[PDB]
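Asker: Would you mind keeping the following structure in view while I ask a few things?
Taken together, the values in this text are just the output of simple stated rules run on the coordinates, not laboratory data. Using ideal geometry, Cβ is built from the backbone for each residue, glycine included, and neighbour counts are taken over all protein chains shown.
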Amino acid sequence: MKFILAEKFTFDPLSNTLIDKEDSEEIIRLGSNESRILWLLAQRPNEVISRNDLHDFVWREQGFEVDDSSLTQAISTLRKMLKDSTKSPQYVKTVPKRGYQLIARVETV
Amino acid sequence: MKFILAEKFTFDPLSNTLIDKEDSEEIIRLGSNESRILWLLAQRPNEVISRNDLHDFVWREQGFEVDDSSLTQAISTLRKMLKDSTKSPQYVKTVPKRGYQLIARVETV
Amino acid sequence: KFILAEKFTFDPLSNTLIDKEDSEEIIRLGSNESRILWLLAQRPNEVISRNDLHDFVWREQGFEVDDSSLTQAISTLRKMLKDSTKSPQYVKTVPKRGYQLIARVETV
DNA sequence: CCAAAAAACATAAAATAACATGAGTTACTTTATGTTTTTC
DNA sequence: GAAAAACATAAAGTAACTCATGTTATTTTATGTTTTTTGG
């Protein structure tokens, strides 16, 4: 199932690809963690997803155990890949002591 | 659920954004606390919400324990984001020894 | 639980190597290195083709590594084992045909 | 019914925790370079 | 003998992961203003 983010990007969770419609020819290539993160964020749009839940889904449930540091780093990487800014955010937003939240628009295919 | 306050601001309690109609091309980013206060106030318009009720919804009913000072400080900040005047209050009014109340007009969307 | 050359005790489920001279460092094998030793010890003094080794060690769906990776894991496994490339004492090369565990293998 | 005192709230620092980034590590794959074995 | 092929080792490349250190949000403190209460 592919997703359209913010009227700009097209995210494919299978192939783990992000295609910007402003470049369209250029395929942004996401890591697994960053794809799984973006997936779960889109599955719960405009909802604040706890650090434990992201950790659970992105790592523990897949058989990897990792510091809660590794989530803060994945998000930095995801935001880089999205050309988001930490302020002023347009795609991934931070809610201290609560988790992360996908404030961009989410359409399915 | 979006809200229109005082026929000037557009309040989005989920994204935590404030668009002033006079500054339509500019997003005002509230803290979580400031956002959750304005939410609860707007949800009972022109009603006095006790200090404790504000405290419980904004902090305790989220697993966060803080001194009552944190509310006074979030209100100050909320007002600053609103450019409310402390005494000739347009939006958020103090009811000493009771709490705070939203005196501005509240329309859903 | 395998004992190799009356010296190392290999545990393929924790990927660990205990040298019995100084049981004070649990020698930590990589995945590929462990799975190689696992198959060799499972079939002692047999020559296992490269492809059977590759199949056993590398199964990841969609991504198939080059034959190069096996030559490198054997190097790495021998290093960990203190195996000499001539004359081999644990893992032996059979050109055009694969590798072969010549060390003594006892179970449990 | 008032003036003064005590209490409640407001604001700006200041402290502190949470999160963001820059920089190093680690494990895995592959190449670059060096050695041996096979085949004619 | 010399080439071709096969195997061995060290060194380079990459993403995950981690650690050190920078940024900012949240909480609390110190000081200032207003409101409530109270004593005379």
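Asker: Looking only at region C:60-92, which residues are of a type in the set (V, I, T), near DNA strand D (Cβ under 8 Å from one of its atoms) and under 22 Å from C:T9 (Cα atoms)? Spell out the reasoning first.
Answerer: In the first step, residues of region C:60-92 are kept if they are of a type in the set (V, I, T); the result is C:65, C:71, C:74, C:76, C:85, C:91.
Then keep just the ones that are near DNA strand D (Cβ under 8 Å from one of its atoms); that gives C:65, C:71, C:76, C:85.
Within region C:60-92, C:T76, C:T85 meet the criteria.
Asker: Going through B:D67, B:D56, B:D84 one at a time, which residue ends up being over 21 Å from A:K93 (Cα atoms) and near DNA strand E (Cβ under 8 Å from one of its atoms)?
Answerer: On the way: B:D56 fails: near DNA strand E (Cβ under 8 Å from one of its atoms); B:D84 fails: near DNA strand E (Cβ under 8 Å from one of its atoms).
Among B:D67, B:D56, B:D84, only B:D67 is over 21 Å from A:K93 (Cα atoms) and near DNA strand E (Cβ under 8 Å from one of its atoms).
Asker: Which of the residues spanning region B:10-38 are out of contact with any helix residue (DSSP H, G or I) (no Cβ under 7 Å at 6 or more places or on another chain) and more than 10 Å from chain A (Cβ to nearest Cβ)?
Answerer: Answer for region B:10-38, where residues must be out of contact with any helix residue (DSSP H, G or I) (no Cβ under 7 Å at 6 or more places or on another chain) and more than 10 Å from chain A (Cβ to nearest Cβ): B:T10, B:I19, B:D20, B:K21, B:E22, B:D23, B:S24, B:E25.
Asker: Given the conditions (1) surrounded by fewer than 14 Cβ atoms within 10 Å (Cβ to Cβ); (2) of a type in the set (G, A, S); (3) in contact with a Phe, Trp or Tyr (Cβ under 8 Å, 6 or more places away or on another chain), which single one is not true for C:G30?
Answerer: (3)
Asker: State all residues of region B:42-51 that are in contact with a helix residue (DSSP H, G or I) (Cβ under 8 Å, 6 or more places away or on another chain) and among the hydrophobic types (A, V, I, L, M, F, W, C); if no residue qualifies, say none.
Answerer: The answer is B:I49, and nothing else.
Asker: A further question follows. Could you say whether any residue in region A:50-70 is under 22 Å from B:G63 (Cβ atoms), within 14 Å of chain B (Cβ to nearest Cβ) and assigned to a strand (DSSP E or B)?
Answerer: So far as region A:50-70 goes, no, none of its residues is under 22 Å from B:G63 (Cβ atoms), within 14 Å of chain B (Cβ to nearest Cβ) and assigned to a strand (DSSP E or B).
Asker: State all residues of region C:52-108 that are touching a helix residue (DSSP H, G or I) at 6+ places or on another chain (Cβ under 8 Å), more than 17 Å from C:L29 (Cβ to Cβ) and of a type in the set (D, E); if no residue qualifies, say none.
Answerer: Hits for region C:52-108 are C:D52, C:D67.
Asker: Report the residue count in region A:84-94 for those that are surrounded by fewer than 20 Cβ atoms within 10 Å (Cβ to Cβ) and part of a strand (DSSP E or B).
Answerer: 1
Asker: Now a separate question. In region A:95-109, what residues are away from chain B (no Cβ under 13 Å) and part of a loop (DSSP other than H, G, I, E, B)?
Answerer: A:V109
Asker: Any residue that is farther than 20 Å from A:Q90 by Cβ and of a type in the set (A, V, I, L, M) - is there at least one of those in region A:25-46?
Answerer: yes
Asker: Of the residues A:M1, A:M81, which single one is of a type in the set (A, V, I, L, M, F, W, C), in a loop (DSSP other than H, G, I, E, B) and in contact (Cβ under 8 Å) with a residue 60 or more places away in the chain?
Answerer: Numbers: A:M81 fails: in a loop (DSSP other than H, G, I, E, B).
So the residue among A:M1, A:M81 that is of a type in the set (A, V, I, L, M, F, W, C), in a loop (DSSP other than H, G, I, E, B) and in contact (Cβ under 8 Å) with a residue 60 or more places away in the chain is A:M1.
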